[PDB]
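Next up is one chain by itself, shown in structure tokens, the form deposited without the ligand.
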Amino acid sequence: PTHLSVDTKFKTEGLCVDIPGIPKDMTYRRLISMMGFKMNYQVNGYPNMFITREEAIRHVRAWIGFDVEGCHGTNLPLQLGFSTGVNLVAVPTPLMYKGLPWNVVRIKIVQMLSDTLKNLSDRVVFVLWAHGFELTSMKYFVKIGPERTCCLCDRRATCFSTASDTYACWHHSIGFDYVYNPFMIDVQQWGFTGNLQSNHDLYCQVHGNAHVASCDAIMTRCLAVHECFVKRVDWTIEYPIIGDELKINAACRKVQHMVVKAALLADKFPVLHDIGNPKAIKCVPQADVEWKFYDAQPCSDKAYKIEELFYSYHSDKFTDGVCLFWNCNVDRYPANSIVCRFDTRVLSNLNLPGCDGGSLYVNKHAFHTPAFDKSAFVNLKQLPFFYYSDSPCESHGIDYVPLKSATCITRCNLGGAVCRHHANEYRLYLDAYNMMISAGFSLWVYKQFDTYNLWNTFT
């Protein structure tokens, strides 16, 4: 069940206008052969250019939508589009480049895929809505063969140079001319009615169709992400560590405790309504409050309507005390809320472009997140940075400069000289806070919140 059998059937109706006469009866084996590659009954970790829906989902970080459009087949120029927004024109002799032979076009393709993917993935998955010219164009920029390692590292080979006769990974690929052992999946095999634009536009208003290869490449990947991550969700799939996943996750846990602890000391709510993760624990275990939990999974399509979360008849009175939405994305938080909300517009190696202004946040798990919406926070304000500790001032066991800060809310600062312990803890908490913010999370609080109210929790 692991890899896609080359003897699996491929539906060819999508191909039959670019490739008139194509047999209705077709295997991957016969297709790969038609595309001009040979698999030489090779047991060597590359059983099939094509992959399963499941294998594609495990390798979502590798997805590059790919589309070719006739400009005028061997006679005519081809427009090559990628979900990066790039259009190359190959001649057989948004970004829109003029006509150039394959021997240069293939160099740009390696550069582009290398720069896009070296910090995402060990491979490429071309995501297709196949009509034929994209499949027949692959021979011009792709070599296949046994799985290999980089010449300069232990990462698997994704590129090949005919100049030096060597293999590189995405990190070491500079001056290479061929994509080596790519993967591909044809979305059109998944059983849709009607064309790409009609299927994409059911779900997504944010990507248009200018009738250029890059636009279709983008719609193809977007529709795929919609199918695999919006409509269908799988929180039982792991994904490897490629960045600061672990620091960001730790940071998030530290800020959550800090902000909620300070909220209860400052405003002394008798009840907290904790709306979201059904595995959640009390983030402030010692706090005095009545802690009531409401279960909701991450919304991956549209933000939850607060009408549905709350009404339809709990503590019922969610106007009593404070509401904690920790990555529980709604359309409009009530005024008595503490909110963490992911900003889908953030550029990072963890956040992949998604469907209808949403983004795909891949950190241990994959979480499609609805489009960041400023209007959601109208009853709240941005939560200002601050560090609060009631821990004793006592070093124990990190070279020093005396810390001066208005936002270091401690006994020692109240007494006008921050102790070394609270200065180390403060500087750590600020780093965590910046990690978390710069990872795209944004924090919001009820308007009455005032760090001034914390200073009398020491007297």
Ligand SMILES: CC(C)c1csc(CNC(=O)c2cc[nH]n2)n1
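Start at 1 with the first residue shown and count on from there.
One more form of this protein should be noted, the form solved in complex with the ligand, which is absent from this view; the next part is about it.
Shown here without its ligand, the chain is overlaid with the ligand as it sits in the deposited complex; three or more ligand atoms lie within 2.4 Å of backbone or C-beta atoms, and the site is blocked.
Think of it this way: in the deposited complex, the ligand has a heavy atom of just one of 213, 185, 228, 168 within 4.5 Å, and the residue is 213. For the residues 389, 189, 114, 79, the 4.5 Å heavy atom test against the ligand in the deposited complex is passed only by 79. Interface membership of residue 69, defined by any non-hydrogen atom within 4.5 Å of the ligand in the deposited complex, is confirmed. Of all the residues from 124-148, none has a non-hydrogen atom no more than 4.5 Å from the ligand in the deposited complex.
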